[PDB]
């Protein structure tokens, strides 16, 4: 379910993300590369990347576009942590292209893990972050399941 965050937890999320917020594209490029490298089955889900070696595409405009657009969404979710309706709208709006693409929860969860691992959070910040990400995935999966109108 959606579970609201406390005042301190909202603040913890902002602080957790702040290094990434200040280098959004650079962080995105590294994390997206690490994700495709660790979980190579996902590269085929991106038609623009499909059929090339990962090291051949990593320096391309198309790869960086994909990495950046993921991180832009998370940046906007972080922007909206004090606004449940606004946070939910951010997600609802990016959910469409993922609806009925054959991408498993496994795939999305593996991305979440790579993001988490890249942040090297202490357990306090980690817990607040996980509450936000749990909210993210609750909304996202409801929308994938055709229950997005409550959030759109």
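What we label the rigid core is the largest C-alpha set whose atoms superpose within 1.5 Å from one form to the other. Numbering follows the first chain given and starts at 1.
Of the two stretches examined, 55 to 63 and 95 to 103, the one with higher mean CA deviation in 8 other deposited structures of this protein after a rigid core fit is 95 to 103.
The stretch with the higher mean CA B factor, choosing between 48 to 56 and 110 to 118, is 48 to 56. Per the PDB record, of the two stretches 38 to 46 and 61 to 69, 61 to 69 carries the greater mean B-factor over its C-alpha atoms. Residue-level temperature factors show residue 124 in the lowest third of its chain, judged at the C-alpha atom. Per-chain ranking of the deposited C-alpha B factor places residue 81 in the highest third. Remark: residue 91 belongs to the middle third of its chain, ranked by C-alpha B-factor as recorded. Ranked by C-alpha B-factor against the other modelled residues of its chain, residue 31 falls in the middle third.
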